[PDB]
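Subsequent text provides structure tokens for two forms of one protein chain, presented individually as structure 1 and structure 2.
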Structure 1
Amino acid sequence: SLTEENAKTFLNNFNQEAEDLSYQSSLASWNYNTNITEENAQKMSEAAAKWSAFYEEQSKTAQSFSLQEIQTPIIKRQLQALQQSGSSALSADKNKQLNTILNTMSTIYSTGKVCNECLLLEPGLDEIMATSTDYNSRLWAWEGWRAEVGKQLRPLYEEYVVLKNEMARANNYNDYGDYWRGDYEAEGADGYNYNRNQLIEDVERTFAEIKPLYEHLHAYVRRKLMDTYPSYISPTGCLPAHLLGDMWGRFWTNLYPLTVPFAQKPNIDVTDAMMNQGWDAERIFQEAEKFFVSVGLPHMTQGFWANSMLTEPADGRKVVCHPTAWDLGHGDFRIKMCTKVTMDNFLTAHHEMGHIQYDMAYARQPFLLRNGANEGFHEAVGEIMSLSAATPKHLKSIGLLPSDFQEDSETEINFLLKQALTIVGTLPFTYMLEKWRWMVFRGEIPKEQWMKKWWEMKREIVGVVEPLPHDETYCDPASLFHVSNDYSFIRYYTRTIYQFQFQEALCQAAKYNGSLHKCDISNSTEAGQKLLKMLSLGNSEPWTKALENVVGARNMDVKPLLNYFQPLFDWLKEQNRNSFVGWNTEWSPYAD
């Protein structure tokens, strides 16, 4: 219990300096993003270098304190987050090679091009993979992108994997996959501990219950593609990867125009009625603030309205035009978005306002603890608000939809099908990719069996088959942005689970008496107080307690997810009764 006031004073001084340094760095980054110039770029780089140097110097000293001797929970947590060095564990030459390989792979990815026609990735090729409906048109693109990017990235990934493994081993971790799993690790009492090795068991058990719904969605989509790809779809086989409406099959949203349940009754789009009423940029954020106040959350500060860039500047300034909630610190919250008069823009503004509210929640916690419980709670806190705002009753009350509008059963089915294609479709992909990456880092898949096991998993778990045989020279995983660039991918699965968990938890607090997908938490102070009970904690307490504060449970549970798509589940069960549920893994298009 000795030598604790020293660590307390160290944390106090560290916070005092880091708050100002982070404010400076965030302001520089904001000035750069809102005004792209070489001067702003140099200022941002200098600020980032200063902040990195300060943080690294303070972390090197943080390791001097033996954490096991500290007894105060909050001080122990503050020390634990700062003691983790990470990349600094490697030597000079090891970091040399690691950064070289990483940035070279990033440049090979961004600067990738396919030549039979010649279209870049973001323009042209993605538009093809999204809208194109011809077999060869998509096949040649899907083959060329890989043969051009993954074949060049393969020799670099074989070294990057071992480099990251060496980096993790220096940090007392087993492998790099185990290092990423540390984000969900939790410490506390007996009823709040969460072993790092238990994440795989939860991910597997949670996926075992989603297979039926995903299997039915796959059986339904497969038949609906036979009308457009007759000789390229099998009645009992897997789906071709290039026919998933995406370069990698991550999102099936592009398949909605073809797999629509009912074509004679489309979805809702209040863009026309929104523009006719004179809804400008700020009008949307005003409605978002009103909604967030109806649940009992704080109001928006005048500083936010004054500093935020809620409209594309006509002064010719270059902007990255990407939605992002900014928390510059010291109460300086801002939103950066080229707001337009549309419904997608409305939902994104709601999501960013939810992010800002979340950031405002835990502002009372120490600087080192001003972060979400985990990488899944952040996006979910905004996704739940976006869902609550998409209810037809909410749009009718706001004045966009006429009060005479009566919701129909077919429109709800179409909306749920689109959501599943955009939500349920990516759940198996993320799990498969994360499991493959873990097995690679752990050394369970030798370098001579990367693509073989990758495609076997694609066929078994995801039910996707390749159009042409790929040998060990190809690297399909690296063809994805999140694989080339070092970014954890399991965050999306946990986010998809936690968003539905919170939606089902707050609906009970709001005393709803209807379907979950039509739940509107608006005008329910009890719902916000229960949610704010967790947003204020942030990273102060283990994520288990944060989840218990809202959902009541201490771990992931996919039952709310299945409850959300329960109508779509029964609809698919009634429709997929016209086919064989499942898919075979021994069938392939290249079996000519």
Structure 2
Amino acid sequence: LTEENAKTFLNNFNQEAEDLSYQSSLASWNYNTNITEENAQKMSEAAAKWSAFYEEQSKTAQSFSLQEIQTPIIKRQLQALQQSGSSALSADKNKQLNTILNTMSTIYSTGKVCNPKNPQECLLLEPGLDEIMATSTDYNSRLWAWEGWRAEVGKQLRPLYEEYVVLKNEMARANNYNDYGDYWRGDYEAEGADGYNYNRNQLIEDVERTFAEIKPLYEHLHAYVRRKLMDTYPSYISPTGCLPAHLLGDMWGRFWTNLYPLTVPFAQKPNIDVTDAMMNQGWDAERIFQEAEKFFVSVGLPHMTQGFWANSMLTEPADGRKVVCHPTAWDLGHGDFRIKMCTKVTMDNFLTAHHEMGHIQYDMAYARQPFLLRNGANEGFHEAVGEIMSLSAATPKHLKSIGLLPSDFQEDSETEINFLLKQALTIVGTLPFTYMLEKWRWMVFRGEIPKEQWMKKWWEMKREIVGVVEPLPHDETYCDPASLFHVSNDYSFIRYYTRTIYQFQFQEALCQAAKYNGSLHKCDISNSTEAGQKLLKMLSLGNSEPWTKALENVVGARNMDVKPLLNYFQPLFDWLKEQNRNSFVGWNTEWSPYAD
């Protein structure tokens, strides 16, 4: 039978997985929103039940041939069920991996450093070091905070990361994969027809095919900031050298958005940073989220569910319970959607609200697909879907419509230039970081870097690729990369590289569909249902069709494309070239600020 005998099995599996996976999500949400000792044990048991059931179902489903039988939908569902993955380990390995992950989470969650002058006052990262890295203007204090965070947590994660990577490579080898890097890269393998084909091996060769074309755009942006930072700390900057690793606007420098007031071209024009206006006019979290929802309603997307407002966190709990303030969008299951985020009255949070609500909208779109296909087409689509809304919501014309900007405001050459520079400082600044991190982790998972050369290779590639230098050499005994949340929680990072192109492609397609004319960076798709429908017809697909077809349905392409990004950033390249007439464009590995 095969086909009709597997249809019945899938019917059995779906309406049992949908009920035994909801409890684990609910327990995880309860533990995350309220940290105690009972919730952790409840989550641990609820995860174990689901793991055992998934193992049994995968073993049952593995023996169904699939040589040439079945319809494509059944074939996709059954192969997804068969692929197994993390449940092909014995109990010993499973429990060791689980306790390693738990110890990682415990160490990273409550890391602390103390002020050298005042030993009593010891600060965490969320309330204590984020503010320092964002606003602190003392070079020595910033270096102190960076060194403390790199010296406390980095000590306690090296052996854990060694054991974790060893176990992950062993599991991936057992899962008929080359390594866990190949396990990560296998998400892009599409095979559903002729022409709609892709290979795991071809992903890496497409990365540098789009990095080199972006490399000289970043060089002019890196040089201009460094010359601008020459006067900020006149002694503590070497123009004939790279940039310090701690004066990058964050703890690691993922987003250089905090450098905008220290790199703004014009100081006389009204500042597009509307945090002051938001604070003055009397805004709160409810107002922020209602304004975010009105945008999606205007585009022509469904309203937020009634339970969303009554169940979402959206605010610091205060009270007496401890929570986790990492923004997330939750899809518990059976139709439940919630958002956990510790919102504050700023603009970064204003855009993060749009990002998370875009995640929620994409999750809502494919609710009618089968359980095994209720996923995004690939890991790099959620971020792009989220960001193509912040792109339209961040424009000064949109800011003026909601009354945030003055009603006598006038757009000129200054406003467009400033807007483009602010957007570039964030979008362009994160691509080298993402590429470096993902490449380094891929080499680590392939085992090409020894334990005695991890830091050496990491910093050498950082110097020759991104172009940032360190204030004091961190010995190999530490583990610098493990200090990141995604590294310590085992999250894929190349999605953060594919977003930076898919978002621009989707933005240009929506601008063309919305009957807009003019420059690309003044689109503001609003009150236009054409773009909404064009986006929804592909959002609703889910994982049922290959990502190549999913992309084509909107863009009319079948691979990555940098041309929309270059079109977006065209008006800045020329200005940077003209303004850098006396620039020493170029960084070197040999120049290190410290002695030897």
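Think of the rigid core as the biggest set of C-alphas that the two forms share within 1.5 Å after superposition. Numbering for residues begins at 1 and runs along the sequence of structure 1.
Here the two forms are overlaid on the core, and between the two structures the C-alpha of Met360 is the only one among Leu163, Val483, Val221, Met360 to shift by 2 Å or more. With the core held fixed between the two structures, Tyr498 has its Cα displaced by under 2 Å. Superposition of the core reveals a Cα shift of less than 2 Å for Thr259 between the two structures. Once the rigid core is used as the reference frame, the Cα position of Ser579 differs between the two structures by less than 2 Å. Once the two forms are overlaid on the core, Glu143 shows a Cα shift of 0.7 Å between the two structures. After superposing on the rigid core, the C-alpha of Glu17 is displaced by 3.9 Å between the two structures. After superposition on the rigid core, the Cα atom of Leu199 is displaced by 1.1 Å between the two structures.
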